[PDB]
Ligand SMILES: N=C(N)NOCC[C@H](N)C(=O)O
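What follows is a single chain, given as structure tokens, in the form deposited without the named molecule.
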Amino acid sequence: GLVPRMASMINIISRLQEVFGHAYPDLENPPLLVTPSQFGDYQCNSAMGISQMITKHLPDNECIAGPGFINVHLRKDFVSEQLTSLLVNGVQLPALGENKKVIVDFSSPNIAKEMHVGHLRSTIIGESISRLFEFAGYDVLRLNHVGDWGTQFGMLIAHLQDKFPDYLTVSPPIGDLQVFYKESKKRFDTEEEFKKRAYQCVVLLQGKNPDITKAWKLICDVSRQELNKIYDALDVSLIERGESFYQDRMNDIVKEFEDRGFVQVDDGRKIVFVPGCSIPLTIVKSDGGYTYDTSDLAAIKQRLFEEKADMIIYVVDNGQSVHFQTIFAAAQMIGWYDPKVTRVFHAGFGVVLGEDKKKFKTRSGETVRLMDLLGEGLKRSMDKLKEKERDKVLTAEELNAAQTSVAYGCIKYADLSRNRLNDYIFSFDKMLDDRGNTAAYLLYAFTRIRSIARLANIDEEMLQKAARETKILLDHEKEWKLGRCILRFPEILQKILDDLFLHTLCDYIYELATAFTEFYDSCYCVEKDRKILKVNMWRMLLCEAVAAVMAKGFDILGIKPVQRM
């Protein structure tokens, strides 16, 4: 019968913002600046604000210099209890006022076209943002807006009809879709009569023609197949919803702009100018055919009205910033959404680079095939393990557990740890390094923090009992630093909800890992006879709660921490 008012953490900054919130009277909205103090534990800075436009109104709560800094020290009664509440109840954020729906649109690869590294950024940023929003209690619809209705399907469907003539009955052992697309593209660039066929195959395909459609499905089935491998590997779940899903919807989209008089004719192109935007939406071109603008219009309508989303997040490359801004402007123009009522956001991200700070390419400058890139990430992860753990760690503990946890772990972390807007240097070396701010490090770091109570005959059940019984003592400085850090988690995950900048959680997890090594350096794991005299339970419990939070952090970034390495 649980109630909103909690067995879940407390965003301390949110609290202090309430405390000073009531603090002087009669104004319009004043600053409520509460920040961590790297001094005290937090500082307040409204002393610089409201001048112009002596905290005597300071109320009482159970949690409670220079130019205008109100250095704030947290009550140690309050902080210790919490760390316990985190252990008694596990790591959990306050849930919401509601179960608002959040749609994250990401990855969105084009079928028969090669999955490229920019898609990879997207999958990575997209998976993590969803998990943040999920862990924050939102209803998260992960949609994969797959490219599956382009003109390129024409040459493909025509080619399939040829090569596997009995495709409707049995067939087809298409095998590799890229080899196929490649063969089709050439017959298309050579055979003039085939080229004519291809275009008719799209006309027939848009025309909801029976036999042709099935031939399309089959081709989409070979790539749906090929992608699942990439999505398996990267641990990403996606409700598929490609550009075909809006075929019938796109028709009522052009009518709708027409009837409210937003469409204009030029070269037979139906186009929509949206005041303020530098470019126009082209919704139907001269040759009666639809464009991205048309499907993007239909989709955002489908997400806002049918899906009834409370927030839409487009994780798309920074190059399409003007494109989606204009789609977003159109949508307000026609009254599909009030932007004060519904968040429609473009989580944009920079382009991937090589180490030469030039665009990220290959051997000759070709397309980097993700499936190879992952494969390399795994090998190097393997080759890195052969010194010398291959035998120290066992069958499955290694076969994947450390290998995949590190490969896939680093790829995601090397991206996410940087501000997504900036361009991104892809460095196997730099990311796999065992030192400093990497996953190789933090995954290993996590092992140690759990190599403590394991190497002390302290089972989980005791710790479980110990949590609700032991009072977690917090008097040394270094345990105080570590403790105030641990409880910063909610104020971190809260900010990312507002601005989607995951590089801050990464900072925190590094800031927490390091804040831990300051604690084991030193507060004594167990006291020994110069045999064992005493079991520091609170210092054992301190290693948990660090590892708890570090573990939830890992999970949001979409990193799978392993137990041994």
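The numbering used is simple: start at 1 and walk along the sequence shown.
The following text describes the form solved in complex with the named molecule, which does not appear among the structures shown.
- With the partner removed from view, the residue among 423, 81, 317, 240 that has a non-hydrogen atom within 4.5 Å of the named molecule in the deposited complex turns out to be 317.
- Taking 154, 147, 377, 348 one by one, only a single residue has any non-hydrogen atom within 4.5 Å of the named molecule in the deposited complex, and it is 147.
- For the three marked residues, 39, 41 and 69, no heavy atom of any sits within 4.5 Å of the named molecule in the deposited complex.
- In the deposited complex, the named molecule sits within 4.5 Å of a heavy atom belonging to residue 105.
- Shown alone here, residue 324 lies within 4.5 Å of the named molecule in the deposited complex, counting heavy atoms only.
- Not displayed here, the named molecule is approached by residue 292 to within 4.5 Å at the level of heavy atoms in the deposited complex.
- At the 4.5 Å threshold, heavy atoms of residue 296 reach the named molecule in the deposited complex.
- Screening 107-115, 461-469, 225-233, 162-170 for residues having heavy atoms within 4.5 Å of the named molecule in the deposited complex returns a single hit, 107-115.
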